[PDB]
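A single chain, nothing else alongside it, follows as structure tokens in the form deposited in one PDB entry.
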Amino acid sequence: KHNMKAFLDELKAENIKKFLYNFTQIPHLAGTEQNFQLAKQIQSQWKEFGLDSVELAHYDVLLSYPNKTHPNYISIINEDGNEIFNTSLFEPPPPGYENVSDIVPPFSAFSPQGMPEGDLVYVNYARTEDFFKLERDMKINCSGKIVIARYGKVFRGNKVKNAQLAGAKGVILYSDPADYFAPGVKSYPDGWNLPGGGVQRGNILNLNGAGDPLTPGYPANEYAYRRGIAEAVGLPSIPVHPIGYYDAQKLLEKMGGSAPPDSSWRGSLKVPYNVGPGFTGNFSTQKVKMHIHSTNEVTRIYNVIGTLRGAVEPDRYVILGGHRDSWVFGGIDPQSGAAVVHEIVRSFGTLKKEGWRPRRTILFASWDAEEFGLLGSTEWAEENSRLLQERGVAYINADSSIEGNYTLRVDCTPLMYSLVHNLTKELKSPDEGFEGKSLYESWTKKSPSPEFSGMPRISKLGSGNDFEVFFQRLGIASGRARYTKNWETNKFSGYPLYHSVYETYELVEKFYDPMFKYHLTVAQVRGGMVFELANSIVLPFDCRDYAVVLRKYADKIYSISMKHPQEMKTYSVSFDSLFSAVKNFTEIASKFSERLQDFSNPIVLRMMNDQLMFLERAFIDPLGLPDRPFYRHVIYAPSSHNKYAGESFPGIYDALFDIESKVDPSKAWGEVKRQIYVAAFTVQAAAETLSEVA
């Protein structure tokens, strides 16, 4: 028989291993010839595997690269202007790769050019609350200083945004061993820790879902009108560069000025972690000088788009997508995900060759330029937004399959919760000590839900990956699953070798997943979700799970507001409408579920499947969130302080944030009330899509 079990049994750990090896022998940086050749290879193989059509969709987007003949570096200079210490021009390459060409040296993509010289201020993780502490509590002024911040906790683009608004004239990012060196493990190549010469690459844009900086709203096709660089979306205005902890120690060791305010500001290096500004007495005349010469350049990128046409509902799309471009070899990010996608396509294709087709159409995507700001997935979604609006059932992302080997990590819309629970109860756990137990059992034991006994944790989607346009802009139900580490406080920081030259096939094969069993488990979860979404007669979404979470989020936002009782009295700030809407949604969702269980009539079925499909779509506000027009979902948005984290009722959350500091409280509380109205209205409107249609 051709059922989910046939599909799942065809998936093989050894094939995933072979594909991962094949994808990680050379760098595949977006916009380079090597990544175009890999795109052509995947296109060819997906056709071989049995897909109906496989095409490349290309766009010309703004990318950023170092200048090969004028390298980026940071110096300490003396009063004479002699450079007495220079940071590294490249990471020492790993064993056997010391002769690989085209390894991009560490840089921060989209940094402007400059050579700013100044006194250092150390800003911890450069979070909003770190800048509050510096400026409000310690009275340290970052204006015209070079800020040095440790990576970790929040997206690096937010750090740069925060440093820019503090008045900094440059930003140095570094990896502290406190965040990137696990105690008791060896550094690469002898273990999975970051060596002192390792450096995390990555873009520092603040695009807020815009996609290519030059073409917000529209695909960057052959006739596109491009903004001039001065009007581009999201580019930083100050130079930025990343370094490793051997170089960081040389910059930090001389720091003077104020002591760190507390131990949460101190990393693991043998330095005081003084905040500055500037160096201690003996070195007070030395300065730090950045030399950044990278260039932004419009460059062609290529997505591979494979189609497996549905037998019954070919105009309903279930999309499995993940990126193909990497900073260097991409051993974990993204090729551990891409190898899983490749084996899923192979498996679906095996069933297709035997005469099977899914009920709905499945689209498979290998996205380009994810690492430069989700560019490939966003431009393609801008080009196809009308088809996706009206036909998109769900998007399952497929970036890195492992970032650890401890347990599963799932983030998704509440509409998918029941599907994920049910599927993981049918899959085998790969974990030691759980042989013969379900994946649901191991996952629930290792990652218990904070509010429900005997359930696992499932998080909110934010951004920082290719689902963002489908979920936050277009309102298509989205989900993701991967294996992760125990390390909770590092949940946004990345594994130690993240975006470094050391993230190789050998890293994965020796230290993460030698048997490829975690990869296989992730392939089963992602593939199984796609299979059920594409083949179930009734779409496998449960609206009642949205009702439960909406109440939780309403309680949460009300609790934030209730820290200001006097202002709520003064300005008559009521959450009554929002709770009313949530109560209505709960009542209507319950009734719809009864009809769904209780309804041979394919028009009623498809009418009901359309109500299911358009329910996520109903949370979209076509006017977007304040000053973020491409984040349109009213229940979830990426946090304005950390793109990686999701925020619920983001319009109200941002209106309340730091409200006690606003200099016109009447205006600020008016905006809280406006956002409560928008949220209550959108919840009620979404509820009404589940009422009887006439």
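Only residues modelled in both forms are compared. Residue positions are given as counts along the sequence shown, with the first one as 1. Rigid core: the largest C-alpha set superposing within 1.5 Å between the two forms.
The next section is about a form of this same protein that is not shown, the form deposited in another entry.
Engineer: Superposing the core, which one of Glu488, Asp80, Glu432, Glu594 shows a C-alpha shift reaching 2 Å or more between the shown form and the other one?
Structural biologist: The residue that shifts is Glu488.
Engineer: Closer or farther: the CA pair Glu468/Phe492 in the other form, versus this form, with a change of 3 Å or more?
Structural biologist: Those two alpha carbons end up farther apart in the other form.
Engineer: A 3 angstroms or greater change in CA distance between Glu468 and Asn490 is reported in the other form. Closer or farther than in this form?
Structural biologist: Farther apart, which means the C-alphas of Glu468 and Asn490 are at least 3 Å more distant in the other form.
Engineer: Rigid core aligned, which consecutive-residue runs (three or more long, every Cα at least 2 Å shifted) show up between the shown form and the other one?
Structural biologist: 487-494 is the only stretch that shifts between the shown form and the other one.
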